[PDB]
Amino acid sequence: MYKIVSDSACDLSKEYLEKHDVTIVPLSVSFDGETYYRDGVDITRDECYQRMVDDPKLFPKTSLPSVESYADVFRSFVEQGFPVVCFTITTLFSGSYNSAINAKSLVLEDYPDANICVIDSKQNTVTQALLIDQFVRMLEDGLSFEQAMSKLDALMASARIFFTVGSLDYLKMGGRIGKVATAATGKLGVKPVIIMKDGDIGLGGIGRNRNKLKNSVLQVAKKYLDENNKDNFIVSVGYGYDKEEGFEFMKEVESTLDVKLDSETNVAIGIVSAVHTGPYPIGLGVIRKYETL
């Protein structure tokens, strides 16, 4: 029996965490740059979105989890004899992974025969949730840790997020915009269609109208799924401030792609991503079914 751990960027539902025994190590958010609140623990996802929606000039800051936060979780499981597997947001967005690496080392000092595996998921939000869920599936289906790890690279390489946001303001201010900043996207009124793959974000298209942008998101995903064998993928949706739009989007996804969503890994996009996307991200994530690899 493994104790699966993730940082809070994965956005897995309360229900999922209880059902599959996944433990979350929270990132923090600050609105004034002085006081920080642990994601989901000291503040709720809905409250954070509200602060941003109420104040379009407010740019909050995120902070990686402390080494001690990871260490206390690792330690409590390890002294019970549990092997630990810990997933983090992509190292290209956050130093979360390296906090966990330092925390593993800390715990080893006091428990030299401890089994702790730290994984740079190379994902975020929906695809981090999809990857964790593939791992949860493999272990529940009776694969050994080694058998599951032998599929990890291919799973991570196959993951994609296809999404759009309300503006470039938060991405630029938060420093992770990277290749999504171009001459075209810098023009007044334009929003990007964004693709997350291989641990980072890139530009998949542009537009101006919310509904047209969501249609472009779907067309970009459809091309990828068609190329790679749609039947062999799990598909889930992530939504931001407007839950109704999210549910309606899920219908468009199922209709356009001719799939049924895996609802367990649908996510209300969390604070970690929202601080950087703004309160209006919407999109879908996909990942290969391990069985097909």
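Residues carry their position along the shown sequence, with the first being 1.
Looking at 270-278 and 14-22 together, the entry lists the larger mean B-factor for 14-22, computed on C-alpha atoms. Comparing 31-39 with 54-62, the higher mean C-alpha B-factor in the PDB entry belongs to 54-62. Taking the PDB entry at face value, the top CA B factor among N211, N102, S121, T164 belongs to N211. Which of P112, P192, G202, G95 has the largest Cα B-factor in the deposited entry comes down to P112. Remark: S236 belongs to the lowest third of its chain, ranked by C-alpha B-factor as recorded. Per the deposited record, the Cα B-factor of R160 falls in the lowest third when ranked against the other modelled residues of its chain. Split the chain's modelled residues into thirds by C-alpha temperature factor. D133 is in the lowest one. In this PDB entry, the Cα temperature factor of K197 sits in the bottom third of its chain's modelled residues, the lowest group.
In the deposited entry, the Cα temperature factor of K187 places it in the highest third of its chain's modelled residues.
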